[PDB]
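Chain by chain, the residues run as shown.
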Amino acid sequence: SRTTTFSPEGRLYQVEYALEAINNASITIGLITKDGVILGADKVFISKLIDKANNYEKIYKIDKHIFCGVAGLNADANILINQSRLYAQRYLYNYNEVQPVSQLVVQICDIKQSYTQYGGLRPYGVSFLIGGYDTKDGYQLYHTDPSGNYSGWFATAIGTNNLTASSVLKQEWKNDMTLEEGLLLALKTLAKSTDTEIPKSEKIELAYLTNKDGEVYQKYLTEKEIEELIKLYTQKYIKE
Amino acid sequence: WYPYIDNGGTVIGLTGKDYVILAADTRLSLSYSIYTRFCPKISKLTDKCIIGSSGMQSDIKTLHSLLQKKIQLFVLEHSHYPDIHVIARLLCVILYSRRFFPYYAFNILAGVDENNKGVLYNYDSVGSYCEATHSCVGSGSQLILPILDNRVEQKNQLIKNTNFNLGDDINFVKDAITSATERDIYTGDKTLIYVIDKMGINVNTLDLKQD
Amino acid sequence: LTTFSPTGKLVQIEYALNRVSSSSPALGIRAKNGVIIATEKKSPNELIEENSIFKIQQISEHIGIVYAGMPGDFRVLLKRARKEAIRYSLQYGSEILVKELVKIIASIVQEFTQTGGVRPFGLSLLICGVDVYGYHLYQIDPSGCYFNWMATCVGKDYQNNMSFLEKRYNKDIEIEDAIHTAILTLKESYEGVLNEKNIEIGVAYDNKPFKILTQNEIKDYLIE
Amino acid sequence: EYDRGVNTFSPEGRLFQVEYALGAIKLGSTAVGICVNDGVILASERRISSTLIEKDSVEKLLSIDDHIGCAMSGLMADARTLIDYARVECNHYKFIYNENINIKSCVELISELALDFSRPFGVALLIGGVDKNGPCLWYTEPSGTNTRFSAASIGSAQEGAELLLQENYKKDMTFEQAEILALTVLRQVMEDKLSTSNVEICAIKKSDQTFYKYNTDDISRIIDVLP
Amino acid sequence: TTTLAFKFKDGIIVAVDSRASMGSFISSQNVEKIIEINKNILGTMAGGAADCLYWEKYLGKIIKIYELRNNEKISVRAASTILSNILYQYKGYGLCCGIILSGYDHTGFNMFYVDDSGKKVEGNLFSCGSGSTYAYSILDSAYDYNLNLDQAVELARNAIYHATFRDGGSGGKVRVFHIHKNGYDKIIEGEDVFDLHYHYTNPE
Amino acid sequence: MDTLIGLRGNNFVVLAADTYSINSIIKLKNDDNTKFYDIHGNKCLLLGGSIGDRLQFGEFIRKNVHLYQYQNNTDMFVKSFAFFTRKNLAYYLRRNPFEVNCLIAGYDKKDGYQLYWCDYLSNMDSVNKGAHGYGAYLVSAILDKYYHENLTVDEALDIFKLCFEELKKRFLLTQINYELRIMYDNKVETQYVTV
Amino acid sequence: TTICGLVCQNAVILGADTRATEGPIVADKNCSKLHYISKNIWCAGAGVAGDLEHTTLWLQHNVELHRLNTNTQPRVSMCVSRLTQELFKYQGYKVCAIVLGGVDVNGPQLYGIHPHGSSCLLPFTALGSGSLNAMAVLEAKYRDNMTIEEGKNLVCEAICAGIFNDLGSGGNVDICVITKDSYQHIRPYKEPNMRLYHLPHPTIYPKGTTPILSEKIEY
Amino acid sequence: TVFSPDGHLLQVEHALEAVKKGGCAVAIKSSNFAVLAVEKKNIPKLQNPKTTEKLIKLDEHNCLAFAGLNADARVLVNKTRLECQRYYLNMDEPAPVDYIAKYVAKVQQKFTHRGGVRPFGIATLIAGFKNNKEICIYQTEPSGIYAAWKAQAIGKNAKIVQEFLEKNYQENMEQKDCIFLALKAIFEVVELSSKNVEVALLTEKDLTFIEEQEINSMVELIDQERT
Amino acid sequence: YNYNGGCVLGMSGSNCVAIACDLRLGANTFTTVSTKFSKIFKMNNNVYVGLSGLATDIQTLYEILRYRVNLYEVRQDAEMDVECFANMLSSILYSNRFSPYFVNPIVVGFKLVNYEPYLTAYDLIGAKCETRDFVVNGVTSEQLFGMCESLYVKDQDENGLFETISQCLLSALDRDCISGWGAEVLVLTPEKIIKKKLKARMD
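Residues numbered from 1 in each chain as written, not as in the entry; some residues may be left out. Chains lettered and ligands numbered in written order. Part of a larger assembly, values for the part shown. Heavy atoms only, no water.

### Structural notes on the overall build of chain E
Under the convention used in this document: Strands are runs of DSSP state E lasting at least 2 residues, helices are runs of H or I lasting at least 4, and numbering of each runs from the N terminus. Within these notes, the globule rule equals 2.2 Å times the number of residues to the 0.38 power, and the radius of gyration is based on C-alpha atoms. Categorising residues by exposure relies on relative accessible area from a 1.4 Å probe, with only protein chains included: less than 20% of the type maximum marks a residue as buried, more than 50% marks it as exposed, and the intermediate range marks it as partly exposed. A 1.4 Å probe and the Shrake-Rupley method give the accessible areas. Residues count as covered only by the protein chains that appear here. For the charge count, each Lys or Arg is scored as positive and each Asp or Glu as negative, with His and the chain ends excluded. In this description, the location of a charge corresponds to atom NZ of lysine, CZ of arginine, CG of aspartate or CD of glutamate.
Scanning chain E for helices and strands turns up 4 helices and 8 strands. Starting at the N terminus and ending at the C terminus, chain E contains elements arranged as β-β-β-β-β-α-α-β-β-α-α-β. For chain E, the C-alpha radius of gyration of 17 Å lies close to 17 Å, the compact-globule estimate for 204 residues. Expressed along its principal axes, the backbone C-alpha trace of chain E runs to roughly 60 × 40 × 25 Å. Burial analysis of chain E (204 residues in total) assigns 58% to the buried set. When the accessible surface of chain E is totalled, it reaches about 8,900 Å², and 50% of it is carbon and sulfur. Averaged over its 20 positive side-chain charges, chain E has a centre that lies 7 Å from the centre of its 23 negative ones.

If you want it as C-alpha cells, here you go:
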C-alpha cells in the first residue's frame, strides 16, 4: 500500500522496494586515502550515441569541497543535488564558513526521512557516496540510503553487485594509501564488478579531492584515465 | 477624526449590610447641546446585580448588550445565576479584550451575592477592577466622590452617624445628585434610584432640575 | 501517487514511456556547426493548416524544442519552458544556457511524479540549440532524467530507427550533409514514403538564430 | 461489513468506528467511584507487576484541577491527551470567571473533543468533583454519552463491580462508610491482595472543596478493616 | 505606587501602598497592589493598574498549569522569565508596568524584577513605582539582612511612610506582607502614621 | 550607558564590562550584574545596551549556539560564531529595534584567539581592541598606547588598571566596579575587581 | 536628459543625450538612454535611471514572451497598457517618464507615460529635465508628413537645443529610426569642435609607499 | 490510522513490533548517577565511529539511548533537542528529564492520533535529572506510554534481559558495581565482543563515555563467573 | 546617511584592471574603530566586486551575492563571466527596492581567449552605469571623479596603472575625513593578481 502504512514484520514497503531499486543501478566506489578521498563510477551505456567526452551523470559536485557519487534513479538524483547545493550554501550564508559533511548528510538524510514518514508520497529511490574534506576531522566518506540511516565508511560499493565488490576492499585496502596507489586500488574493484578484466575507458569515471590547502577537487578526462588503465595492466591488483 | 467623545453623565454607588444603591441621570447630552432627556444608563442583568456606566453611548449599548450575551450564555450552560465576584472578573477581560482600542466607558457593578454582603465594584476604562464601599463614575466624578467620602470614611474626631438605614440613605443619594446638577453641567434631571435589597431591585425615579 | 513496485521500478513511468513509443517520430542530430531536428508530420487531411499545428517551437532566439508525445501536453510544458527562459533572462542579461534550461524542465517533469494525485508527462522532449560551449541536443524522459545525446530518435519504433544513425553517422558532419542523413532516417526508415513537404525541420543554422525551414526550402533537399 | 470509512452509518441506525472503541475501554485497569452526600471517593488498581518500576510515575487517578479528580481506562497514551486538555479549559475557565468550573460544563467539553469529525479517543473517564450543588460524579464514553452516575465502575473488571454497587449503595453513607465500600468491590475483582501499594484511592471532601490523594500511610488504616 | 522587597534571613518582606491616582485626582484608596500568583509566589504591581493586573493574573493561568502538568512547585526564575518574554510582544505597544515577583522556590528565597522592556534583574532590595526612589534610600540607610521580623516589619512601614509623605503619588493605606517558608503572613493597614510627632506643629 | 572594553592578545583574550544595572536616569537597580553570556565552546559573548533587549538577545544567541553545539558533537568555530550573531542582529533590524552592542570573543585551534566587535547595526569586524557605549570615547585611545606585540596575559590586567582608573576620573558616571573575563589557555576565570 | 520624440510619414524617430548625473556632478559622458524593446519598437525614458532598468528589461522580455506565444510582431498599445497596471500600484514608488513607439499594424504611434499613471498618444513630445527646451524648437519647425531626413535634422536640432540651453544635459546625441524594415542606432553630432584638449600626466614609476606586496599567481 | 473490530490498533501494534527488530539497549538507575548500556554491531575494517549511533545527548544533563529504527531517531532527537533548548529559553532552567520524557511521549502520541502520518517506529529511554538533585530513568514506547524505571531494557529480545535484571537488581550500588550489573546484560549478543557493547556513565550532571580499556577489564570477568 | 564612510575606485588599463578601497570602518561618522575592513571581495577568479557604504549591507550583500554566485557557479563547469554577473546585481538591488540596502557596488573583471576590462557602476536602487573607462562609487565620489579625470590615460601598462590608481586614491583619501587610513589596491592581469596595501595618511 502507501508508505504511511507499516507491515506485520515491522519493515516497510516503499522504502524496502527503493532499497532494491538501487540494486538494479550502476555501481559506484568510495575510497579514503591518505591524501584525499576518491570516487568511482559506471556510465550505463544505452547506446554509443551519447557524448561520452564532456559529461557523466554518476558523480556530481555539491560544493567546492564536498562531492558525491550518486547511484540509483538518475531522475530523482537531480533533486537532492539541487537540494544539497542549497544546504551547502545556506550554511555559508548563515555561518560564513564551509559546511562539514557530517552536518550535511544529517541535513540531507532528513529530507529523505521526511518523505518516508508523511505526505503519502513515494520515497527517493537514490543512495549516494558523499565525501569531502573538513578542518574538524579531515577527509570523510559517508553513505546514505533511501531510509536515511547514514553511516561513515572507508570504502563502499553500492549499486549493482555490491557484496562482491565490497569484499575486494576488505583485503586489498590498506590504512595507508597514496593517491596513485588508491586510484589503482579503486580501479580494479570498478572493473571486476562488471565481470570484466579491463575497463573499455569509454566507461567508468573517477574523481578525487586531495586538499592541497585549497581543495583542488579535480575530475578526470577520458585521456587521464588511460595512464591509470595502463598501470593496471603491469601491476594487476587482482580479484582475489 | 477622533473616535472618542463623552456624552456626559454620572452613576453613584453606595453600600451597607444588605443593600446597594445605584443612581444615575438620563441626560444623553451630545457635544454641547442636550439632545434627549431620557436615555437610561443602568441596565439590569440578573435579579440581583445591575450595571451602570457613563462614557459614550456607542461603547455602552454595545458593552451592556455584550455583557448580557455572555451572561445569558452562562446561565443556560450552568443553570445557576452568577454572583458578582464572577461577573466582576467577566468585565475584567472584556475591557482588556480591546487594550489597543479601549472602551471609552467607565463602569459600576453593584449587587448582593451572600445573605447580606452588599458589594460594589468600580473601575477605570481599561479593566482594573477594584472593590469599594462607595464610588462615583462619570462627568460628576470629581464633584460627588468627596461628598460621599464624608459619610463612609471619616475625618471627624467624633464618628457621627454610625448607623446607616436604607430609608435615610436613599434620601442622601437624592441629595447628592441634586448637588451635582447645580454645580455640574452634564448632570441630568431624570434620575433612577435603583435599590437592590435582598428580594430584588426597585425602579424608584425622581425628576430633577431641568437646566 | 505513482508509487513503486516490488521489482524496483515505477509502473506509471513505464506506462508513460509506452505512449512516446507510439507517437510520431522525432529525430535530432548534432553536427560540428549546428544542430538539426526533424519530425514526421502525419498529415491526416488537407483541412489542418500546417502553419497552426507544429512540432518545432522556440524557447528563445537560440533554443529549439521538439515534441514526441501527448499533443495536449505540447503547450503546458512550453509555457513553463518559455517562462524559465525569461526568468533567467531577467536576472542574467545574457542568453539562457541549454544545460541551465534543461535542468529546470527536468525538475518540472520530476515534480509531476512524486506529487500525490498527479499524472506524469506523456511526452519526450528534444531541446537543441547554439550555446557558448558549442552545440547541444538533450532529450528529456518522462521519468525526469535527461541525456546529453549526439544523435537520437524518440518516436515510434526507435529500436531500429536508431540503427540507421549507429552506422550512418560520423563525428564531423556538416549541417547541410546531415540533412540528407536525417531524411533517410525518416523516409527510408518506415512508412511515410510520400514525403512531400510533410516533414518539419529546424536547424541551428551555424550560430545564427533558430530557423524553421519552410516547405519549399525542404523541397530542395527532398529531391534526393 | 462496513469498516473503511470513519463516519459511515449502519442500516440499523448505528455508528461503526465509535463502536470499535467501545470494547477497547474494557481492557484497562479497573476503577470505581462513589458519589456520596458528603463528597466523592475514587479507587483504582496499580498493575506494577514488574518490580523495576518507580511505582509513582504510573498513576491512574490524575487531577483535572484542585477541585475535580478523575480516573482513566482504555488507551493510557490517549487518556493523557484528554486530561491535558481538561487541565487547560478548566484552568482557562478560572482565568475568565473567578469561580471553579461546573462538572456539567466540564464533562460536556471533555466529550466534545471525542467528536473529532483522526480517530475517536478510546478512553472512558470517571470525572468527579464538588464544584457546586454538592458533589457530582460523571462517567463519559467515547461515543459522547455523558451520564451522571452515583456509583459506577470502568475497567476490564467493570462487569462484576457493577452488580456489587447495586447491592451495596445506600444514600445515607458517609466518607468512612463508602471508603470501606470502595474497597470491598475491589477485593472481589482482584487478582492480588489489597495491599498498601496496589490501591490508589483519593477523595474530594465537601468542606475544603479540594482533592487529597490518600497516601500509603492513610490507606493502610482503611484496607485492614476487613469488610 | 511605592513597592518594597527585602530578602532577610527569614522571608522577603513585601510592602506597598494603596493609592491609585489619575492625573490630579485620586481614583480610589483600596487597590490591592499584592496579587497572589500562586500559593508561594506573590507578585506586586506598579505603574499602570490594568496594564499589568491582567498579565499578573494571566501568569496565574500559566503557573497553575505547570503546577498540575508536572505536579511540582515552579521556580520564581521560571515565573519571572515568562513575564519577561510575554512583554516583548507589547514592548512598543505603549504599555507601562513594573512587577516585582518574589517567593520561595527549591533553592533560597529568589526575587525578580520585570518591566515592560524586559529588565529581568534579580537581587535583594528592589523597589519600583512613582515614589519609589525615596523608599530605595531609607532601606539602604538601614539594612543588615539579619533583622528579626519584629524589628524589620517596622522598617517596611517606615520605608513607605518616608516615601509616601515626600511624594504625592503614593498614599492611603499601607499594606505589608511577609513571605513564610511555606506561605505568607499578613498586616493590613495603618492609614496615618505619626512616627515623628507629639502634636506640636507641622515639620518641613 | 555602559562600557565594554575588549582587547585581543596573541595567546589570550580579555573582556571588560561595567557591573552596573541602570534602570532609569536616576537609580541603579543592582550592582554586580550579569552581562556576559558564557558559551561552552570557549566563547564569551558580551552584550551592551538596554537591559531588556540586552537579556533576550543574550539568551536567543546562547541557546541557539548550544543547540548547534549538540546537533553535532563539535563546538562552533569562533569565526563562524561571530558571523552568526551578526546575521541575527541584521535579521532583527528591519522588524524590531534591538538596540544592543556586542563584543564576540572566543578561541579555536584553527586560528588562535579571536575577538569581534559589532554595533547597533550589523558592523561585524575582527579587531584587536575597541569598546562600546559612551565609555568608549575615553578608553579606545589608552589601549593604543599600551598595545605592544606579544603581550603577556598578566600585562593586560595592568592595562585595564590603567584604563579603569581613567574611567573613574574623567567619565560622567564614574564606574567603580568592573568584571573581567580572561580567556587564558582554555580557562575562563572571572577576576572582577573594583576601582 | 532631454529626450525628444516625433513621428515622420512612415517611422518614428527618437533621440536623447548620453549624460547621466547625480545633481551636482556628471555621472558619465556616455550612457545610452535609448533602449531595445523589440525589433519594431524602441523605448527611451527619463526620471530616475534606476527604476527605468526594471521597467525596460521587464517590458522587453514580457513583450518577447508574448511575441513567441503568437506569431505576429508585438503592437505598441499592448506594452503601454501593461506598465500602468504596475505603475498605479507603485504611484509613489515607481516614478518614470517614458516615451516609446514604433511601427505595427496601425500607424507609427508614440505614447508618453507619466509617473502617476497617465498616458496618451502624442505625435511629438519631449521628456526629461530640459524637455521644455526640446519642445520649444520642436513646435516651431514641426511639419506634417516629413521625410526621414526631414525628421533627422529636426530631432538633432531638438536635442542640440536642449544641450546648450540646459544644465542637466550634455555629451553626445544619439537617435534611432524605427522603420518597419529594421532599426538604426546612429550617433551623429558628437560635438567634435574641441574647444580645448586635455593633457594627461602619466606619473613616473618610483614607488607609491607600499608596505605589503602579497602577489599571487593563480591561473 | 483507525481502530480494529475488537478494539486494538493495527497501526500502533505493528509499529510497536517494529522496534523489536533493533539493537538492544539497557539502562540502570543508581544513587546519584545512571550508567547506560547499548549493544550495536559494525562491519570490520570499515565504519570507524558508527557516527555515534547511540547515547545521544540532549542537554548537559540528559542522555538518550534509543532503540529501533536508526533513521527515525534523527527526526525524534532534533524535535527533542529543539524542545530541550526552547524550554531553557522560556523558563531559564535546564530542562528536567520529567519534561523531556513528557515531550517525547507527546511527540509519538501526536503521530498516531493524526491521520496520514506514519507512527514513530522507535522506543527510547531517557536518563537525566529532575529539578532537585535526583535521577529518574524514563522509557517511552511508540504507542505513547511512558513510565519511570529503576532499570529497563528495550530492543531485540528485551524480555529475557529485563527478566534477568529483575532478580539481581540491588538498591544502591557502586560506580563499578552498577556498571557490572549493566555489563551482565550481554544476554543478547553472543560471545560478548568488546567491539559491540558501549556504555556511558552519566554522573554529577556531566555525561562521559567509558573507554574500551576498562571494558576489557570488566567484560572478561563474566566468562570466569559462569563456572 | 553619511555614516561609516568609504570609497571604491575601479580603473581599466590596457588588458588589466585594478580596484582600490579604504579600510577605515567608522563606528559613528567621526570615529575610527577598525583599520582592517577590506571593501573588495573575490567573487570569482575573474570577477571582483567592490562594496561601499554602510557595513550592515556590505557584509550582508556580500553573503547574498556569494550564495547566489556559488549556487550558480556549480551548475556549470565553467566560471561566471562578468556580463551575467553585472546584470545580477541590478536585479538583487531592485528586488530589494523599498529595502534599506545602502550600498554602492563596483563590479570589475574580465569579460572574456581574449580579455576585456569591463568596469561597471551602480546606485542604491540599481542603475547599471556601464563604463569602459574608470569607475568610482562611495561617499567620496565627488573627490574622485575630478581626481580620476585629469589623471587617466586610455591604455596603460600593468605597473603603470598601479601608479595612477595609487595617486588617485592617496590624494582623495587625504582630502576626505571619514574615508580614513588604508588602501588595499588590487591590480590584476589574466595570469597574476597583485594585492598591495599602500601607506596612506594615518589621520
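### Focus on the arrangement of the chains
Under the convention used in this document: The contact definition used throughout considers only heavy atoms, calling two residues in contact when any of these lie within 4.5 Å.
Where 15 pairs of chains are in contact, the pair with the most contacts is made of chains G and I. Over all C-alpha pairs, chain D and chain F never come within contact, reaching a minimum spacing of 28 Å. The closest approach of any C-alpha atom in chain D to one in chain G is 44 Å; the two make no contact.

### Details of the pattern of salt bridges
Side chains carrying opposite charge are able to pair once their charged atoms draw close together. Stated formally: Criterion for a salt bridge: a side-chain nitrogen of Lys or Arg within 4 Å of a carboxyl oxygen of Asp or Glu.
If you walk through the whole model with that rule in mind, you get 45 salt bridges over all chains. Here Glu97 of chain A ties to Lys110 of chain F by a salt bridge, and the two come within 3.1 Å at their closest N and O atoms. Of this pair, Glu97 of chain A sits in the loop between α2 (74-95) and α3 (102-113) while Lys110 of chain F sits in the loop between β7 (100-108) and β8 (112-117), placing the two residues on different chains. The class for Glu97 of chain A is buried, based on a relative accessible area of 12%. With its nearest N and O atoms 3.9 Å apart, the salt bridge here joins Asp189 of chain B to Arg37 of chain B. Placement of the pair is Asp189 of chain B in the loop between α4 (166-183) and β11 (190-196) and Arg37 of chain B in the loop between β4 (34-36) and β5 (42-44), with a sequence separation of 152 residues.

### Topic: the packing of aromatic side chains
What counts here: Two rings from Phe, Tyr or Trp (for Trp, the six-membered ring) form a pair when their centres sit within 6.5 Å of each other. Planes less than 30 degrees apart are called stacked, planes more than 60 degrees apart edge-to-face, and all others tilted. For a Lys NZ or an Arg CZ to count as sitting over a ring, it must be within 6 Å of the ring centre and within 35 degrees of the ring normal.
Applying the stated criterion to the full structure yields 66 aromatic pairs over all chains. Geometrically, the ring pair formed by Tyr90 of chain G and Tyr93 of chain G is edge-to-face, given 5.9 Å between the ring centres and 75° between the ring planes. You can call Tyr90 of chain G partly exposed: its relative accessible area is 29%. A network of ring pairs unites the aromatic residues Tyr96 of chain B, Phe95 of chain D together with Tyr54, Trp55, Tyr58, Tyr90 and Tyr93 of chain E as a single cluster. For the cation-ring pair, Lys63 of chain F lies above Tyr88 of chain H, with the distance from its terminal atom to the ring centre recorded as 3.0 Å. Over the face of the ring belonging to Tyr90 of chain G we find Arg97 of chain I, whose NZ or CZ atom lies 4.4 Å from the ring centre.

### Considerations on the side chain of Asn137 of chain I
Residues and elements named next belong to chain I. Inclusion rule: Whenever a nitrogen or oxygen atom comes within 3.5 Å of another N or O atom, the pair is scored as a polar contact, on the condition that within protein one atom can donate a hydrogen and the other can accept it, and that pairs from neighbouring residues in sequence are kept only if both atoms are in side chains.
In this structure, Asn137 sits in strand β8 (residues 135-138). One polar contact links the side chain of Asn137 to the main-chain carbonyl oxygen of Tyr122, over a distance of 2.7 Å. Every residue in contact with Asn137, bar those within four places of it in the chain, is listed here: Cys7, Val8, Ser52, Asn104, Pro105, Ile106, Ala121 and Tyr122.

### What to know about the interface of chain D and chain H
How big an interface is tends to be stated in terms of accessible area lost as the parts join. Condition: Accessible area, probed at 1.4 Å, shrinks when two parts are joined; the buried area is that loss added up over both.
Taken together, the contact pairs 27 residues of chain D with 27 residues of chain H. The three residues of chain D that bury the most area against chain H are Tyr20, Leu52 and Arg119 of chain D, which together make up 33% of that side's buried surface. Counting the contacts that link chain D with chain H gives 1 salt bridge. Its salt-bridge partner being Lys106 of chain H, residue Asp84 of chain D comes within 3.2 Å of it at the nearest N-O pair. When contributions to the side of chain D that touches chain H are tallied by element, the ones reaching two or more residues are α1 (17-22) and α2 (76-96) of chain D.

### Looking at the nonpolar core
Stated precisely, the cut-off is as follows: By convention a nonpolar core is built from buried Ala, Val, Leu, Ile, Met, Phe, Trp, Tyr and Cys residues, the set being connected through side-chain atoms within 4.5 Å.
Membership of the largest hydrophobic core comes to 108 residues, with the highest contact counts inside it found for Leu91 and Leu109 of chain B. Looking at this core element by element, the count peaks at 11 residues for helix α2 (residues 84-96) of chain B. When residues no more than four places from it in sequence are discounted, the contact partners of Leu91 of chain B are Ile51, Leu63, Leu67, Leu109 and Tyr123 of chain B. Counting 72 residues, the second-largest nonpolar core is a separate cluster that includes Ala81 of chain C together with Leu25, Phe41 and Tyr101 of chain I.

### A few points about the interface of chain G and chain I
If you look at the interface, chain G gives 34 residues, while chain I gives 37 residues. Here chain G and chain I share an interface that buries about 2,900 Å² over both sides, 59% of which is from carbon and sulfur atoms. Per-residue buried area on chain G facing chain I is highest for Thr203, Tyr205 and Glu218 of chain G; these three make up 16% of the total on that side. Between the two partners, chain G and chain I, sit 6 residue pairs in polar contact.

### Quick look at the sheet that holds strand β2 (residues 17-21) of chain I
The pairing of strands in a sheet comes from backbone hydrogen bonds and takes either a parallel or an antiparallel form. Inclusion rule: Here, any two strands with at least 2 DSSP bridges between them count as paired. Lines fitted to C-alpha atoms define the axes, with helix axes restricted to the stretch in contact, and inter-axis angles between N-to-C directions lie between 0 and 180 degrees.
The sheet built from 6 strands is open, its strands ordered β11(G)-β10(I)-β9(I)-β2(I)-β1(I)-β8(I) with antiparallel pairing. Both edges of this open sheet fall to β11 (212-213) of chain G together with β8 of chain I, since each of them pairs with a single strand only. As paired strands, strand β1 (residues 7-12) of chain I and β8 of chain I are joined by 4 bridges and run antiparallel to one another. Bridge pairing links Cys7 of chain I to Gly138 of chain I in β8 of chain I. The sheet strands contacting helix α4 (residues 158-173) of chain I are β1, β2, β9 (183-188) and β10 (193-198) of chain I, and the helix crosses β1 of chain I at an angle near 155°.

### Things to note about the packing of helix α2 (residues 76-91) of chain C against helix α3 (residues 98-114) of chain C
Residues and elements named next belong to chain C. Spelled out, the test is: Working rule for angles: under 35 degrees goes down as roughly parallel, over 145 as roughly antiparallel, 65 to 115 as roughly perpendicular, anything else as oblique. By definition, any crossing whose near helix is turned counterclockwise from its far helix by less than a right angle is left-handed, and any crossing with a clockwise turn is right-handed. Nonpolar residues are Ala, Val, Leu, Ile, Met, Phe, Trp, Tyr, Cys and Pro. Charged residues are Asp, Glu, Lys and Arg, and all others, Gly as well, are polar.
Two elements in contact, α2 and α3, have axes separated by 10 Å at closest approach and are oriented at 135°. Regarding the angle of α2 to α3, the classification is oblique. Viewed along their axes, α2 and α3 form a crossing whose handedness is right-handed. Between α2 and α3, the residues in contact are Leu77, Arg80, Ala81, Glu84 and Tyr88 and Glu100, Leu101, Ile104, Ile105, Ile108, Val109 and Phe112, respectively. Considering only residue class, the contact of α2 with α3 consists of 9 nonpolar, no polar and 3 charged.

### Focus: the sheet that holds strand β3 (residues 56-58) of chain C
Residue and element names in this part refer to chain C. An order of β3-β4-β5-β6-β7 is seen for the 5 strands of this open sheet, with the pairing classed as antiparallel. Looking at the sheet topology across the chains shown, the edges are occupied by β3 and β7 (146-149). Looking at each pair of strands side by side, their axes are set apart by 25° on average, direction ignored. Inspection of the sheet shows strand β5 (residues 125-131) paired to strand β6 (residues 134-140) by 7 bridges, in the antiparallel sense. What sits directly across from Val130, in β6, is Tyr135.

Honestly, it's all geometry; don't read function into it.
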